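Worksheet: the structure to be examined is printed underneath.
Using ideal geometry, Cβ is built from the backbone for each residue, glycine included, and neighbour counts are taken over all protein chains shown. Since every read-out is calculated from the coordinates, none of them should be taken as a lab result.
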Amino acid sequence: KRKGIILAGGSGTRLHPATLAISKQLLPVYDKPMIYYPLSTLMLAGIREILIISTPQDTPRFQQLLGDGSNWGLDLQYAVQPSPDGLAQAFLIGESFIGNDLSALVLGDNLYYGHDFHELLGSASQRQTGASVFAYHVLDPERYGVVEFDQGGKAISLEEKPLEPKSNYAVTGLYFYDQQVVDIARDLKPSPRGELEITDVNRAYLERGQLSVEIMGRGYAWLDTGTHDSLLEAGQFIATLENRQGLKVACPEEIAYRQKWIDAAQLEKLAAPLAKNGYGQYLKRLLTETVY
Amino acid sequence: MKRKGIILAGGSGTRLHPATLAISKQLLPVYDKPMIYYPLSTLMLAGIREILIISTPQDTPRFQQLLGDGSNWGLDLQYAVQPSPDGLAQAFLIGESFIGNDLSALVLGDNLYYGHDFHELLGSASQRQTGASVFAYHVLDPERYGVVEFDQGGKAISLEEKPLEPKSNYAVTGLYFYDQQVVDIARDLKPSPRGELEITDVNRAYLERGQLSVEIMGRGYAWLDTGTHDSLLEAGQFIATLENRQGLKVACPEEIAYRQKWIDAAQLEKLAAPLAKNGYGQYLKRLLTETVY
Amino acid sequence: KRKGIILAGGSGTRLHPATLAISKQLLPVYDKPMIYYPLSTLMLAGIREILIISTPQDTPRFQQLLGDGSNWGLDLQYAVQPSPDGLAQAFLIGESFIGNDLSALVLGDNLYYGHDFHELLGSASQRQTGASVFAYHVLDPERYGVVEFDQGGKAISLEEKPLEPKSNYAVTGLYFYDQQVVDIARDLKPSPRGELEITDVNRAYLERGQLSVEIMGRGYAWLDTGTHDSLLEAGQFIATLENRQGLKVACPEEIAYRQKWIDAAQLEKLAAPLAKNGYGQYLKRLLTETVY
Amino acid sequence: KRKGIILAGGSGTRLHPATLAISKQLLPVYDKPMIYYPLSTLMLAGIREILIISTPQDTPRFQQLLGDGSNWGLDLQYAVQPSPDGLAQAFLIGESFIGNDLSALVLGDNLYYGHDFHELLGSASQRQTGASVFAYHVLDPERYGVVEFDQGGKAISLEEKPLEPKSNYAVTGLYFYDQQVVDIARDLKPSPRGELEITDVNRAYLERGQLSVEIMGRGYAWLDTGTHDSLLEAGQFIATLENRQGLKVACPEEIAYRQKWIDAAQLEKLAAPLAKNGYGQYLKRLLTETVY
Ligand SMILES: Cc1cn([C@H]2C[C@H](O)[C@@H](COP(=O)(O)OP(=O)(O)O[C@H]3O[C@@H](C)[C@H](O)[C@@H](O)[C@H]3O)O2)c(=O)[nH]c1=O
Ligand SMILES: Cc1cn([C@H]2C[C@H](O)[C@@H](COP(=O)(O)OP(=O)(O)O[C@H]3O[C@@H](C)[C@H](O)[C@@H](O)[C@H]3O)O2)c(=O)[nH]c1=O
Ligand SMILES: Cc1cn([C@H]2C[C@H](O)[C@@H](COP(=O)(O)OP(=O)(O)O[C@H]3O[C@@H](C)[C@H](O)[C@@H](O)[C@H]3O)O2)c(=O)[nH]c1=O
Ligand SMILES: Cc1cn([C@H]2C[C@H](O)[C@@H](COP(=O)(O)OP(=O)(O)O[C@H]3O[C@@H](C)[C@H](O)[C@@H](O)[C@H]3O)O2)c(=O)[nH]c1=O
Ligand SMILES: Cc1cn([C@H]2C[C@H](O)[C@@H](COP(=O)(O)OP(=O)(O)O[C@H]3O[C@@H](C)[C@H](O)[C@@H](O)[C@H]3O)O2)c(=O)[nH]c1=O
Ligand SMILES: Cc1cn([C@H]2C[C@H](O)[C@@H](COP(=O)(O)OP(=O)(O)O[C@H]3O[C@@H](C)[C@H](O)[C@@H](O)[C@H]3O)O2)c(=O)[nH]c1=O
Ligand SMILES: Cc1cn([C@H]2C[C@H](O)[C@@H](COP(=O)(O)OP(=O)(O)O[C@H]3O[C@@H](C)[C@H](O)[C@@H](O)[C@H]3O)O2)c(=O)[nH]c1=O
Ligand SMILES: Cc1cn([C@H]2C[C@H](O)[C@@H](COP(=O)(O)OP(=O)(O)O[C@H]3O[C@@H](C)[C@H](O)[C@@H](O)[C@H]3O)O2)c(=O)[nH]c1=O
C-alpha cells in the first residue's frame, strides 16, 4: 500500500512576477492546472491516497481546486511548508501521513509523458523494498542531481548540482520509497545550500545496494516548467498532442474512470458543470467511446 | 481635462475551465508576466494614472496582492467588484463614484495591444475632450464582436453586436474612451436578450449624436485577446518572439512609469532589488543606464 | 530482409504557394529536412535498402540531399511518380525494386515519435507473414482510412474517408507487407477519387485474416505535416524535445552509428563538414558520450 | 525611380542539413516562401524593377517561382553570386542592372512588419540623395553592424561585429542608396573576414555627412530567419497575425493590386489556379471587400 506526496510549494522568485499572484503549480499548462499533471502521474501509479504540500498561503487555493478527492475516487490531504528547505523535508512534514506505508514523492511542476509510462510507474510502484528513481538525458545536468554509471550501465554515484557533471543523466522529480525514507530523512543535515537533500536520501539507499535507477528513455517527455520559455513550450507540447489525438493529457476524471475508481454515473455528474466547454464535452464523450 | 481609467477584469472563464478554476484568467501569464499587465500598460501609455480595477468578488484580493495600491509605480489603483458578469457597460455603473466628473476610459483585462505609434494613437484619443473614441480592427471572426459598418467614404455609420451576418470584418476592440456622458448613458440601458448591458448600446448612443469617433486600427497593430487556450498560447508566443529579439520587454509597468517620469531612478532601482535574481529584475536595472529610443 | 519505400511525391497544391519551389518533403521540420523523419522510421525498423519515390521534377533534389546512402550505411534508390495516383501505386512503381522480399511503405511527410517505438517497429518488421498497420486515435478520422473494431477490440473493417466514421482510429501512413502486396496492387482498380487505395490493399489482407492492426497508443506521437499550422506545431514539438534533452530526433548519422551500420571513424568524417554548426557538433559529441 | 535588389544567395552552412537541398530563401515562413517577405518590402517601397541575386545553382528555381514579374506588374531580373563574398558584392553584380538610378538592397531572409512601415519605406525611397538605413534595438548587436549615437541621438560611427558593442542598435538588412554606391563598392577591399562589407559602404556615406540613420522602433518587427529557432518563431509570428486578422502578410498579389500595378481582372486570373486553397480563396475575397 503506497501513499503519495506532491510537493507543490517552493518560492517562485525566479518566474516572478508572473508567479506573484499565485503559485506556479496552479498555473495552467495549456488547458489545465499544472498540478494536474503530477497528480495524474501518481494516479497512474495506482496511488489513491495523496498528501499535497505547499506554502501556507496557497494551501487554501490548492484545496479550493482539488477538494478532498472523493469526486475522483481519491483521498487528498493537505499540509504546509512554511519555508522551501529541501525536497527531503517533504518526508518530515509527511511523516505521520505516511505512517508505516511505502510512499512516493513527485514534484508539483514536473510533467511526464510517454508510451507505457503506466507500466513504468507500475513496476516502480510494485517494488516492496528499496527505492526507485529515474534518470533522463538532458541539456544542463548541472541544474540537477546527476548520476554516474559504470561501464555496464549500472549507477555508481550521485552528485547534486556538480560543477562538472559526470554524465548528462539527471534524476527526475519522481521518487518511490519503502519505509526507510522517513528515518533517513530524520538524520539529514542541511547542505551548504541550506536544504535537506533528496539526493542525500537517494545516496543512502544507493550505499546499501537498494537504490534502483531506471533510465527514462528519450522517447518519454520529462518537462519541468522552470522557466517562462519552458512553461511556454510545455503548454505547446500538450496542445500539439491534444489537438491531433482528440484525447487529453492528465485529465483526472478520465484516469479515475479508466481505473474504475469512479463509475459512469459519477463521471456524468462531474461533466455537467463543465458541459459548456471543451473539457466537459470531452468527459461526456468518454462515456460512449471505447478508447484503447 | 483629466482622464480616469477602468480595467474590467472580472468575468467567468467558464469556457477556459478548468484552467481558470483556481485563478482568474487575467492573472495568468502571457509569456513572462501577468495578463493584466498588458491592458494596465495600455492605460498607462494613455497618460492615465488613476485607475479602477474591477473583478469578481472572489479574485479582488489576488488582484490587490499583485498590484497593490499603485503608489510603487506612481499610480493610484482602486478596486471594485462585479458579482455577476452582466455586461461591459456595468463597469460604468460600478465605477460611477470613481469616475465622478472626469473623462474616462475602459479597457478589457484580457485584451492585448501592440504596435508602432500605438502611444500616439492613445495620445490622440486621450486628448479629445468630448465625445467618445473607439477602434476598429480587421478580424477573422467579427461575428464574435460588436461590428462596424462603414459608408463608401470610410466613415462609420452603424454598429451591431454579434450579428448573424456581419456587414464588415471590422470589430470594435475592447478599448474605449468616453467623456462625461457615459455614466448617464449607462444608467438608462436595458439588458439585451443576452441579458447584458451592452457597450455597443453605449457606443451607438454616442454615434447617434455625431459624437462617436471610430478610428481604424490598421493591420500593422496587434490586437490579441486571449480567449482560448490556443490564442493564449499564441499570444505568449507572440510576446516571447518580440522580447527575445529586441532585448526589450512588452508591457512592463516599471519601465513605463519610469519613462513617463512617474517614478525616478531611485524608485526604479528599489523596485528591481527584490527581482534581481531573475531576468525581469535584471532588465529593470539595465534600464537605468541605457538610452532606449 | 525487408525493403523499404518512402513515398514522397504528391502534389502540395493544398500547400501552395509555400511549396511552389520545392517538394513538401524537403522542407525542414525545425532543424532537419522532413524526409529525415520517416527515413529514420525505416532505419529503426532495421531496413537498409530503400527506394525513394517522388515527383520527376524533385528526384534530383532528393538525390542531392541523401545520396546513394553509403554514407549512412544505406542503399538508397530512386524512382519517380509522374502523377499522384495513390499510395498503392508505390507497389507498382516499386515492383522490381521489391522483387521477392518483404517490404514496408512509409509516407514522406509522416512523423512518428515515442518510447519503445523501435520495439514497435521491430515486431512488425520481423513478422514473416501478412501485413501490419497501425491504428491511432485522432480528431479527424474522416480524413483517413478509418478502422472498425468489434467488442473485443479486433479489427473487422476499413473505410477510406467515410462520411460517418465508425471510430476515431485512423490508419497511420506506415505499412509492412509480405509478398502478397504486389500482386494485390496489380489487381486494384481506381476508386471514384481516381486513386489506387492502400485501404483496398489493407482490406485484401483483412479479408483473409492476414491483416494485423496494432493500436498505436496516445503515448506516441503521429504527426503529419499536412497543413501550415500543423507543420508549425510539428517543428515546435521537435524543438521542445530537442532543447530539453540535448539529443536530436531523426538524425540518420546517429541511428546508423547506434546500429553499427557505420563506425566511429565514419561518424567523425560525417561531422567534419558540419563542424561549424549544432548538427555537426552534435555528431562529434556522440563519439564520446554514452547515450542510453 | 529606384531599382531594387534582393540578395538571396549565401550559404546555409549554419542551417544545414535543413538547407542542403534548397536555398533557405525558398523555404516557407508559415504559409508562403520566405523570399516573398522582402519582395513585398520593396514592392511597398514602390519599387517595381528588381534584380534577384542568388546561388548559381538555385536561380532556376527562383525564376521558376517568381517568373519575369509581369504577372504581378513587376519587372524581375536575375543574377548570380558564385560565392558569398559580402553584401557589398551585390552592387558589383548589380552594377549594370542599376545603371544611373537610385537603388535599394534588401536581404532575402529578412522579414519586416509594422504599422506605417509603408510610410517609413516611402520616406526613404523618395529621398533623392545619400543613403538611408535603419537601426533597431536587439539582444545580440554583436552579430551585426552596430551604430553609435551621440547625446543628441545622432549617429556618429559604425562597427561591424564588434566584440564590445557601443549600443544595442543593429543596422537592419534594408538599405537605400543614391548613385554613389557602385563606385564606393568598387573601391572596397575585403575585410579580414574576407568579404566586401556593407558597413564599409555605410561608413563611406557617413564620413561625408550623407548617411541617414533612422531608428526603427520597438513597435516594428525585424526578424531574421537565421536559425532554426528563429525561422520557427517567425513562422509563428506570421501565423498568429494571419489567423487573428483574416489578412495575410507579404502576399504580392495583394500589394500589386492595392498599388494598381495589376487590375481586378488580373487578380482574378492569378487566383484561379490557387482556388482550391486558402491562399487562392483569400485573393478572391480581396476582389469584393474593402480593406483599409
Ligand atoms: C527546496 C524546495 C523546493 N520546492 C519546490 C519548488 C520548485 O517548484 C521545485 C524544485 O525546487 P528546486 O530549487 O528546483 O529543487 P532542487 O534545486 O533541490 O532541484 C532538485 O531538482 C530535483 C528534480 C533533483 O532530483 C534534485 O536532485 C535537485 O536537483 O520544487 C518545494 O516545494 N519545497 C522545497 O523545500
Ligand atoms: C536511438 C534513437 C532513437 N530515436 C527515436 C526513436 C523513437 O521515436 C524515440 C525513442 O526511441 P526508442 O529507442 O524506441 O525508445 P527509448 O530510447 O525512449 O527507450 C529506450 O530506453 C532505453 C533506456 C532502453 O534501454 C531501451 O530498451 C528503450 O526502452 O526516439 C532517434 O530519433 N534517434 C536515435 O538515435
Ligand atoms: C461581460 C463581462 C466580461 N468581462 C470580461 C470577460 C472576458 O474577460 C472579456 C470579454 O468578455 P465577452 O463576453 O467576450 O464580452 P462581450 O461578449 O461583451 O464582447 C465585447 O467584445 C468586445 C471586444 C467588443 O468591443 C464589444 O462590442 C463586445 O462585443 O471581458 C467582465 O470582466 N465582466 C463582464 O461583465
Ligand atoms: C516605451 C514603451 C513602449 N511600449 C510599447 C507600446 C506600443 O505598443 C509599442 C510601440 O511603442 P510606441 O511608443 O507606440 O512606438 P515606437 O516606440 O515603435 O516608435 C517610436 O519610434 C521612436 C524611435 C520614435 O522617436 C518615436 O516617435 C516612436 O515612433 O511599444 C511598451 O510596451 N513599453 C514601453 O516602455
Ligand atoms: C497593404 C499591405 C501591408 N502589408 C504590411 C505593410 C506593413 O508592414 C504593415 C502595415 O501596413 P502599413 O500600410 O505600413 O500600416 P497600416 O496598414 O497598419 O496602417 C495604415 O493604417 C491605415 C488605416 C491608414 O489609413 C494608413 O494611413 C496606415 O496608417 O503591413 C502587407 O503585408 N500586405 C499588404 O497588402
Ligand atoms: C496520393 C499520393 C500522395 N503522396 C503524398 C502526398 C502527401 O504528402 C501524402 C498523403 O497524401 P494524401 O493525398 O493525404 O493521401 P490519402 O488521402 O490516400 O491519405 C492516406 O493516409 C494514410 C495516412 C492512410 O493510411 C490512408 O488510408 C489515406 O487516408 O502522400 C504521394 O507522394 N504520392 C501520391 O500518389
Ligand atoms: C490512459 C491515460 C494515459 N495518460 C498518459 C499516460 C502516458 O503519459 C500516456 C499514455 O501512456 P500509457 O497509457 O502508459 O501508454 P499508451 O496509452 O501509449 O500505450 C498503451 O497503448 C495501449 C493500447 C496498450 O494496450 C498498453 O499496453 C499501452 O501500450 O498518456 C493520460 O494522460 N490520460 C489517460 O487517461
Ligand atoms: C555575405 C552574403 C550573405 N548572403 C545572405 C546569407 C544570409 O541569408 C544573409 C545574412 O548574411 P550574414 O552572413 O548574416 O551577413 P552579415 O554577417 O554580412 O550580416 C550583416 O548583417 C546585416 C543585417 C547588417 O546590416 C550588416 O551590418 C552585417 O552584419 O545574407 C548572400 O546571399 N550573399 C552573401 O555574399
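What to note about this one:
- Amide H to amide H distances under 5 Å link C:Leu27 with C:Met34, where only residues 5 or more positions off or on other chains count and H is placed in the peptide plane.
- Candidates B:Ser213, B:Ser84, B:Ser104, ranked by Gaussian network fluctuation over chain B, Cα under 10 Å, top entry: B:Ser84
- Peptide C:62-74 has a mean shielding of 1, counted as Cβ atoms of other protein chains within 10 Å of each residue's Cβ.
- The radius of gyration of the Cα set in chain D, together with its Dmax, comes out at 18.7, 57 angstrom.
- Converting phi to 3J(HN,Hα) with the Karplus coefficients 6.51, -1.76 and 1.60 and the offset θ = phi - 60°, segment A:11-21 yields 6, x, 3, 2, 3, 3, x, 3, 9, 8, 8 Hz in sequence order, with x at every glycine or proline.
- Per-residue average of Cβ from other chains inside 10 Å of C:113-125: 3
- Calculated on C-alpha atoms, the gyration radius of the protein assembly as shown divided by its Kirkwood radius gives an Rg/Rh of 0.96.
- With R₀ fixed at 60 Å, the C-beta to C-beta distance from C:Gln180 to B:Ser192 puts the FRET efficiency at about 0.35.
- Residue order, fewest to most beta carbons within 10 Å, for A:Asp263, C:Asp85, B:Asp110: A:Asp263, C:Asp85, B:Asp110
- Estimated from helical segments only, the mean residue ellipticity of chain B at 222 nm is -8500 deg cm²/dmol, where each DSSP H run of four or more residues counts as -39500 (n - 2.57).
- For C:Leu163 and C:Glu95, the FRET efficiency from 1/(1 + (r/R0)^6), where r spans their Cβ atoms and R0 equals 35 Å, is about 0.55.
- Part-to-part distance (alpha-carbon centres) for segment A:14-67 and segment B:1-72, which is given in Å: 22
- All other residues whose Cβ lies under 12 angstrom from that of D:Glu195 are scored, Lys and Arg at +1 and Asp and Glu at -1, for a net of -1.
- Segment C:136-179-segment D:182-200 distance, computed between alpha-carbon centres (Å): 62
- Counting Cβ atoms of other protein chains within 10 Å of each residue's Cβ and taking the mean over peptide A:226-234 gives 5.
- Among D:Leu158, D:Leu27, D:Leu247, residue whose mean-square fluctuation peaks in a GNM of chain D (springs only between Cα atoms under 10 Å): D:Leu247
- Per-residue HN-Hα couplings for segment B:159-166 [Karplus 6.51, -1.76, 1.60; θ = phi - 60°; Hz; x = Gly/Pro]: 9, 9, 9, 6, x, 6, 10, x
- Here's how it looks for B:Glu161: its modeled amide H is under 5 Å from those of B:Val147, which are all 5 or more places away or on a different chain.
- FRET E, pair A:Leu287, B:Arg15, Förster distance 22 Å, beta-carbon r, rounded to 0.05: 0.50
- Amide H within-cut-off set for B:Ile6, under 5 Å, with H built and near neighbours excluded: B:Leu52, B:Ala105, B:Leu106, B:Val107
- For segment A:73-112 and segment C:222-292, distance of Cα centres in Å: 38
- Considering only B:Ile185, B:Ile199, B:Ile36, the Gaussian network model of chain B with Cα springs below 10 Å gives its largest mean-square fluctuation to B:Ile185.
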